[PDB]
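Enquirer: Got a sequence here, can you model it:
(7 chains)
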Amino acid sequence: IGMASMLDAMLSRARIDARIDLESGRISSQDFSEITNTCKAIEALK
Amino acid sequence: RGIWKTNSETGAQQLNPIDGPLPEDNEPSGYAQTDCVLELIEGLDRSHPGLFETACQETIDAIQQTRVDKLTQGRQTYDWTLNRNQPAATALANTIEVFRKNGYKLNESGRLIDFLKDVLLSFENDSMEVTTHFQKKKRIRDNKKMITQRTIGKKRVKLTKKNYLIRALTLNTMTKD
Amino acid sequence: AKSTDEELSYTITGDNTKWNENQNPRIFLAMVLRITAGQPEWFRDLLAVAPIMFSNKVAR
Amino acid sequence: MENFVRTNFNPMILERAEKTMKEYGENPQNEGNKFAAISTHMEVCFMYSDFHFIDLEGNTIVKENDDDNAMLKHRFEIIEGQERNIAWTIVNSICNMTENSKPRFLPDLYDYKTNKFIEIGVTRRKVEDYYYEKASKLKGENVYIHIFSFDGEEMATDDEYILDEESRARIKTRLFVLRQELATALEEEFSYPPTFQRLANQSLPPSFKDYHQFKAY
Amino acid sequence: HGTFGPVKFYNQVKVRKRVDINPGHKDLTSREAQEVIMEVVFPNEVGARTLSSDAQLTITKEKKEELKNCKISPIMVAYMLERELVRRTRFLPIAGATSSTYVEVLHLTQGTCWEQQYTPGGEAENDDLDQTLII
RNA sequence: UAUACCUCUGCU
RNA sequence: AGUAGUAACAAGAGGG
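Expert: Residues are numbered from 1 along each chain as shown, chains lettered A, B, ... in the order given. Structure data below:
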């Protein structure tokens, strides 16, 4: 359920999944910047 | 034996047999009497106290909780967009798209009662716009002869207040096999 | 159970002819309004929509 | 005032303020009770999150750049101003990898260093009237409710201020200016539009002349 | 592990009755079962509600433990748990035992003119044993 | 206009 | 011709 957008919902999840997977998990520090750059790049394309 | 009257909005000639003359033979009649119906429905209410109440109470809760999703389920519906039968979900998506393209987006909430508002509000428009599709015979070169090519392009069409209303009150027909 | 030993019982194996062709949308509006008596008027009017559209229905 | 959030705040907060209010009934024209109050609920979250980050080991760092860049990470996450299904996915993803309490009602932020969920609730009441209204209700679990004041005074749980004194100083002056511009500034509906109403009038028994009339009968 | 006895031939009287058709249903409502399934297979994506009962807690820990590291579509896991947990009933004509494990094998145990005596594998529940002892 | 071919379709 | 039966199939559409 959600009045929010399909792309915007995916973007919110994309950031926070990368967060917890690094913050306390098995993903590298360089990869968190790589995911959020793409999310920012997608956010720029609207 | 009922009462003919022309409709204000559609111009359709409508027969009303109810509360009409009582039948005088055993042939199939449709002269139902409103007061006799209400007596039987009252009789049903007396014999099952609290039934109508809880029946309505459950139907109230449903209407509040029901989403627009729920009309993707079930059998084929007649699509007014194309004047043909289509799967439920595509007829829904088609009606939502054309409603969204005109001034109707209450269903953006997601709840079904808001989609139902959009349907009653859509009768007030007297210039309802629908994109149709049609075949176009293009010609392109190929390797070194020029062959004809069927392609499809879209064209917008406005509808009268009758035209749209007729289509929303239209029910499709076919033979049962 | 509710009859006496003096009473009779017959059973009609029953069919209604021309069932759909003689059931009227106006009568369905009477039913819906009576079944919903004393409920909120928005809920009465919402359920009343279908019978109304059926009364003004047109067939392809 | 209807243009209280529009003249003051930046363009990014206005689109956020438009979002989840559309659900019950009211709109930006009716009430001045919980219209603009939701807008600053997001503004406080940005001030809480911005200029505050964490080091490689696990220590607080209050920098000036504010764009992470590899080696340093955000200290807070914005729960308020999201969809309800996304809101709990934020909360639950955190509580999976750190065995903490799952709150009953919605929180607004979460501190990553200290592991504290933060329910924001600033208003014109002083301190004790709105600290123990929430605390004697959301009890047992350690939801860190930060009760500010409109003027200046401040009362947290055990005076255990996780945030440094430089940033919370400017947060008081942020609310001190918006306070000064207060003075100088469950239903359900369904009815017929007129076309369907006329159809409704024509779909009755012959004796009746009006939908309202038949419904009364 | 079922055991067969003899077939007796007699006029088999069948009472049309609503009965369980999901033997070993750990009895929960559909909403309660939805929370359990979400916890097990989609742990990160759970809503506001939590595991209210100890029925829900023990079943969730068990399912998480049993289904851990099994390469299969989560959609299929969610599907089977839905079928497994929620009680389901049907009107069926039944001669004799009405318990779920007997209902399961009506095709095998009863015909029009015959009873195939049969005891399913596993132990009978005390509830069922107490009810039948009284009768 | 006929005769060959070629392409899509076999519940839409 | 034949199928069939209250109306169809006995190829339809296109390269026009």
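
Enquirer: three-state assignment of residue C:11?
Expert: coil (DSSP: H, G, I helix; E, B strand; the rest coil).

Enquirer: go on, residue B:60?
Expert: Three-state call for residue B:60 (three-state DSSP): helix.

Enquirer: OK, contacts around it?
Expert: Residue B:60 sits next to C:39, C:40, C:43 when contact means Cβ atoms under 8 Å, 6 or more residues apart in numbering or on different chains. For every residue, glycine as well, the C-beta is placed using N, CA and C.

Enquirer: Pull out whichever of the residues you listed are also neighbours of chain B.
Expert: Among the contacts of residue B:60, proximity to chain B is found for C:39, C:40, C:43 (Cβ under 8 Å from any Cβ of the partner chain).

Enquirer: can I get those residues in TSV with secondary structure and neighbour count?
Expert: Shown next, in TSV, are the ones next to chain B among the contacts of residue B:60 (DSSP: H, G, I helix; E, B strand; the rest coil; neighbours: other Cβ atoms under 10 Å in any protein chain shown):
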residue	secondary structure	neighbour count
C:39	coil	17
C:40	coil	14
C:43	helix	17
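
Enquirer: Can you tell me which of the contacts of residue B:60 comes closest to chain A?
Expert: Closest approach to chain A among these (Cβ to the nearest Cβ): residue C:43, at 23.4 Å.

Enquirer: Touching, the closest one and residue B:58? I think so.
Expert: No - with contact defined as Cβ atoms under 8 Å, residue C:43 does not count as touching residue B:58 (11.8 Å).

Enquirer: shared neighbours, these two?
Expert: Counting by Cβ under 8 Å, 6+ apart, residue C:43 and residue B:58 have no contacts in common.

Enquirer: which stretches of chain E form helices?
Expert: E:30-41, E:54-66, E:74-85, E:100-103, E:106-109, E:126-134 (DSSP state H).

Enquirer: Residue B:46 versus the residue nearest the centre of chain E, what's the distance?
Expert: What sits nearest the mean C-alpha location of chain E, by Cα atoms, centre = their mean, is residue E:23, with 2.1 Å. Between residue E:23 and residue B:46 the computed distance is 43 Å (Cβ to Cβ, to the nearest Å).

Enquirer: same question, residue B:58
Expert: Taken as Cβ to Cβ, the span from residue B:58 to residue B:46 is 20 Å.

Enquirer: could you pull out the strands for chain D?
Expert: In chain D, the segments counted as strands under DSSP state E are D:53-54, D:60-61, D:73-74, D:109-111, D:116-118.

Enquirer: quick revisit: let me see the contact set for the residue nearest to the centre of chain E.
Expert: Taking Cβ under 8 Å, 6+ apart, we find residue E:23 in contact with E:100, E:101, E:103, E:104.

Enquirer: if you skip the residues just before and after it, what's nearest to it?
Expert: In space, residue E:23 comes closest to residue E:100 once its chain neighbours are excluded; the distance is 3.9 Å by Cβ to Cβ, 6 or more residues apart in numbering or on different chains.

Enquirer: Could you pull out the helices in chain D for me?
Expert: Under the criterion DSSP H, chain D contains helices at D:4-8, D:11-18, D:37-49, D:84-97, D:128-135, D:165-184, D:194-202, D:211-216.

Enquirer: Can you say which of those is nearest to residue B:132?
Expert: When those are compared by Cβ to Cβ, helix D:194-202 sits nearest residue B:132, at 24.5 Å.

Enquirer: Tabulate the contacts of residue B:60 (CSV), appending distance to residue D:59.
Expert: Shown next, in CSV, are the contacts of residue B:60 (distance: Cβ to Cβ, whole Å):
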residue, distance to residue D:59
C:39, 63
C:40, 60
C:43, 60
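
Enquirer: Nearest to residue B:15 among these?
Expert: Using Cβ to Cβ, residue C:43 comes nearest to residue B:15 of the contacts of residue B:60, at 30.0 Å.

Enquirer: what's near enough to touch the closest one?
Expert: Taking Cβ under 8 Å, 6+ apart, we find residue C:43 in contact with B:56, B:59, B:60, B:63, C:36, D:190.

Enquirer: again, but for residue D:78
Expert: For residue D:78, the contact set (Cβ under 8 Å, 6+ apart) comprises D:42, D:45, D:46, D:49, D:109.

Enquirer: Look up how far residue A:23 lies from the nearest residue to the first one once chain neighbours are set aside.
Expert: Spelled out, it's residue D:42. For residue D:42, ignoring the flanking residues on the chain, the nearest one in space by Cβ to Cβ, 6+ apart is residue D:81 at 4.6 Å. Distance from residue D:81 to residue A:23, counting by Cβ to Cβ: 22 Å.

Enquirer: Which one's more surrounded, these two?
Expert: Comparing residue D:81 with residue A:23 by other Cβ atoms under 10 Å in any protein chain shown, the one with more neighbours is residue D:81, at 19 against 16.

Enquirer: Contact partners for that one?
Expert: Residues in contact with residue D:81, defined by Cβ under 8 Å, 6+ apart, are D:16, D:19, D:20, D:41, D:42, D:45.

Enquirer: Surely the first one is in contact with residue D:42?
Expert: So that's residue D:16. Yes - counting by Cβ under 8 Å, residue D:16 touches residue D:42, with 5.3 Å between them.

Enquirer: distance of residue B:8 from residue D:206?
Expert: Distance, residue B:8 to residue D:206, by Cβ to Cβ: 16 Å.

Enquirer: Between the two, which is the more surrounded one?
Expert: Neighbour count, other Cβ under 10 Å: between residue B:8 and residue D:206, residue D:206 has more, with 15 against 12.

Enquirer: pretty sure the more buried one contacts residue B:21?
Expert: No - Residue D:206 is beyond contact range of residue B:21, at 11.3 Å (criterion: Cβ under 8 Å).

Enquirer: Which helix or which strand is home to the closest residue to chain E within chain C?
Expert: Of all residues in chain C, the one sitting closest to chain E is residue C:1 (17.5 Å; Cβ to the nearest Cβ). Using DSSP states H and E, residue C:1 falls within no helix or strand.

Enquirer: what number of residues lie near it?
Expert: Counted with other Cβ under 10 Å, residues neighbouring residue C:1 total 2.

Enquirer: how close does it sit to residue B:47?
Expert: Separation of residue C:1 from residue B:47 (Cβ to Cβ): 18 Å.

Enquirer: Around chain B, which positions in chain C sit nearby?
Expert: C:17-18, C:21-24, C:26-27, C:30-31, C:34-37, C:39-40, C:43, C:46-47, C:49, C:53, C:55-60.

Enquirer: from the residues you listed, which would you call buried?
Expert: Buried by 16 or more other Cβ atoms under 10 Å in any protein chain shown: C:24, C:26-27, C:30-31, C:34-36, C:39, C:43, C:46-47, C:49, C:53, C:55-56, out of those.

Enquirer: isn't residue B:38 right up against residue C:32?
Expert: No - look at residue B:38 against residue C:32 with Cβ under 8 Å: they stay out of range, at 11.7 Å.

Enquirer: Name the residues contacting each of the two.
Expert: Here residue B:38 and residue C:32 have no joint contacts, going by Cβ under 8 Å, 6+ apart.

Enquirer: follow-up on the earlier one: let's have the helices of chain E in a markdown table, adding mean neighbour count.
Expert: Shown next, in a markdown table, are the helices of chain E (neighbours: other Cβ atoms under 10 Å in any protein chain shown):
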| stretch | mean neighbour count |
| --- | --- |
| helix E:30-41 | 18 |
| helix E:54-66 | 14 |
| helix E:74-85 | 14 |
| helix E:100-103 | 20 |
| helix E:106-109 | 15 |
| helix E:126-134 | 10 |
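
Enquirer: Including distance to residue D:159, could those go into CSV?
Expert: Output for the helices of chain E, formatted as CSV (distance: least, Cβ to Cβ, whole Å):
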stretch, distance to residue D:159
helix E:30-41, 38
helix E:54-66, 37
helix E:74-85, 47
helix E:100-103, 61
helix E:106-109, 71
helix E:126-134, 58
